[PDB]
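Here you get one chain, nothing else, as C-alpha cells; it is the form deposited in one PDB entry.
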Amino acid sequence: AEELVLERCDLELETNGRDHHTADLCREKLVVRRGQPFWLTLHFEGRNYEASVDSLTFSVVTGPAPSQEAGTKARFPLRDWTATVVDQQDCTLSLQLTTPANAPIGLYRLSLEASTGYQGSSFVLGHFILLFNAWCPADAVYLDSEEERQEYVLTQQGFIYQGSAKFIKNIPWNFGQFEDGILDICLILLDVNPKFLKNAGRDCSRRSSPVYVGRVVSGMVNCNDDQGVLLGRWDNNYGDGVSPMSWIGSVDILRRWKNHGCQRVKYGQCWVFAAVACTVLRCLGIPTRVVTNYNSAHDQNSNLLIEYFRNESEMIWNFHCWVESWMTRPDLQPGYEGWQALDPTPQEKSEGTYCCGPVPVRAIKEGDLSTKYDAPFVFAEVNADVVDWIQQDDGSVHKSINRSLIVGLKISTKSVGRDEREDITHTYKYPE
C-alpha cells in the first residue's frame, strides 16, 4: 500500500464552536475548551485510512519549549489526550479528540505522523486554542449553574457600580471578550508577562492553573513593573491621553495596547483596570465578575487600621473596583473553592510587584489572613477600623475610633441575567 497523502484537515469550526460555547471565537480559527471532546475530519488524496494497514500518531505542542513532563506536549495514537475514529466515508476520516481537564491553556499546534510499517511521514494538521472549561465537572473552573456560566463567562455587556455609598451610580460596560482579535491579544498579554520572559517553558506549563493565570492577569493589566496594559492617573489632567471616564468598554483599550507594540494606554482608574481584567479572564474562560466596594480603605502599613492625623494619613476611597474569579484552590487547605478576589489596580506591592490575589473571599470573611494571596490588604479594604489621632491643646494625642465613616459598604456586582445590582457585602464580612 502506498503511503497516505493528506489533502486537508477540516477543524469543524461550526460544530465545535457550538458544542464548546466558543462560537464567536471560532469564526476563523478553532477554539475549544479543555476536558471536552472535539471533532476533526481528515480528507485524503489517494486511498483512505485502513485500520489493518495504517498507524496514525498525533502530537500536540504549546509554547516555545514544549515537553511531556510539563504537560505542554503530548503524543497519542489513533485508537487523557486521545483520538478515535467516528466515521469513514469515501476519502474522509471523521475523528474525535479529547484533552485533559487540567491541560495548559493556549495555542497548540496539532501534527499527524502516518506509517505503514516503514518510514513515517509527518503532517501539520493545524492549530487550535485551548481554554478553561466552566462546563466541565473535572475542570478547576467548573461552575455548576448554567445561568451563572452565561453571566460570568459568555455575557459581553454588563454594569459597573461607581459613585459613593450615599450616591450609588453605574455605567454600562462592553467587556467585548469575543470581539475579533481580543483572544489573540489575551495570549499576547500572557506571552509578554515577566514569568514568560524569564522561563517560557515553565510559564506555559503553569497556565494549567486558573490561580496562576489569575495572578498573572492582576499584574499585567497595569503597566507598572512590566509590559502591562493601563497607566493609572488620578489628578484630573488627561489631556495627553484618554480620560478614564471616556471609556465605555475594554476593546478599545486592548486594541490600543496591541497596536502600539504593548505600550501603556493612558489612562485608567480602578473600574477601568477591573473591567479589562474581567474581559481577559472571561475571554480565557474563567468565570469572572466586577465588584465595587464603597468607602474602600488603603492600608499602607498592614495593621488593619486606617489612621488619620488631625489638628486641634491613609486614605479611604469613595469607591474601589476589583474582580472575582471562580475556581478551586488545590494550593490551599480544603474549603476555599469559589470566588477569588483579584485586584489589578496598583495600590500595595505584593512580593515586589503591583499584583494582588487571588484570595478566597471566604478567607476574607472568616479572617483567615495567612491564606495566600494578599489577604491582609483585601481584608483591610472591606473591614478596617478608622482611627483618628487628634492632637489636644495640651500637646497629647487622643486616639479615637471614627464611626462616621464606615469602611466597606454596599459591596456590589451586576445581578445574574438582569440589569439590577446585587449586594454581596455579606460575602466579604459578617454583620456586627
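Rigid core here is just the name for the largest C-alpha set that superposes within 1.5 Å across the two forms. Position 1 is the first residue in the sequence shown; the rest follow in order.
Engineer: Between us, would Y354 come up missing in a third or more of the other compared entries?
Structural biologist: That residue is missing from at least a third of the other compared entries.
Engineer: Coordinates for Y267 lacking in at least a third of the other PDB entries compared?
Structural biologist: yes, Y267 frequently unmodelled elsewhere, at least a third of entries.
Engineer: In terms of residues present in the deposited sequence but not modelled, what lies between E312 and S313: none, 1 to 3, 4 to 9, or 10 or more?
Structural biologist: 4 to 9 residues are missing.
Engineer: Please classify the unmodelled stretch of the deposited sequence between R79 and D80: none, 1 to 3, 4 to 9, or 10 or more residues.
Structural biologist: 4 to 9 residues lack coordinates between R79 and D80.
Engineer: Comparing 274-282 with 138-146, where is the mean C-alpha B-factor higher?
Structural biologist: Comparing 274-282 with 138-146, the higher average CA B-factor belongs to 138-146.
Engineer: Could you check which stretch, 377-385 or 391-399, carries the larger mean CA temperature factor in the entry?
Structural biologist: The recorded data point to 391-399.
Engineer: At the C-alpha atoms, which of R329, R75, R206, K266 reaches the highest B-factor in this entry?
Structural biologist: Reading the PDB entry, the winner on C-alpha B-factor is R75.
Engineer: Which one, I253, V86, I160, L154, has the peak C-alpha temperature factor per the PDB entry?
Structural biologist: That would be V86, according to the entry.
Engineer: Among all modelled residues of this chain, ranked by Cα B factor, put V53 in the bottom, middle or top third, i.e. lowest, middle or highest.
Structural biologist: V53: CA B-factor falls in the highest third of its chain.
Engineer: Sort the modelled residues of this chain by their C-alpha B factor and say whether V32 lands in the lowest, middle or highest third.
Structural biologist: CA B-factor rank for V32: lowest third.
Engineer: Within this chain's modelled residues, let me know which third the CA B factor of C9 belongs to: lowest, middle or highest.
Structural biologist: As the PDB entry reports it, the C-alpha B-factor of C9 lands in the highest third of its chain.
Engineer: Place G126 in the lowest, middle or highest third of its chain's C-alpha B-factors, as listed in the PDB entry.
Structural biologist: Highest third.
Engineer: Lowest, middle or highest third: where is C355 by C-alpha B factor in its chain?
Structural biologist: According to the entry, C355 has a C-alpha B-factor in the chain's highest third.
There is another form of this protein, the form deposited in another entry, and it is not shown here; the text below is about that form.
Engineer: To test your reading of the superposition: with the rigid core aligned, which of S243, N102, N303, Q96 moves its Cα by 2 angstroms or more between this form and the one not shown?
Structural biologist: The listed residue whose C-alpha shifts by at least 2 Å is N303.
Engineer: For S52, state whether the C-alpha moves by 2 Å or more between this form and the one not shown after rigid core superposition.
Structural biologist: Stays below the 2 Å threshold, so no.
Engineer: Taking the rigid core as the frame, does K29 move its C-alpha by 2 Å or more between this form and the one not shown?
Structural biologist: No, the C-alpha moves less than 2 Å.
Engineer: Core-aligned, does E151 move its Cα 2 Å or more between this form and the one not shown?
Structural biologist: After core superposition, the displacement of the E151 C-alpha between this form and the one not shown stays below 2 Å, so no.
Engineer: How does the C-alpha distance between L190 and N224 change in the other form compared with the present structure, closer or farther, given a change of 3 angstroms or more?
Structural biologist: Relative to this form, closer in the other form.
Engineer: Could you tell me whether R206 and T353 have their C-alpha atoms closer or farther apart in the other form than in the shown form, knowing the shift is 3 angstroms or more?
Structural biologist: Residues separate in the other form, at least 3 Å farther apart.
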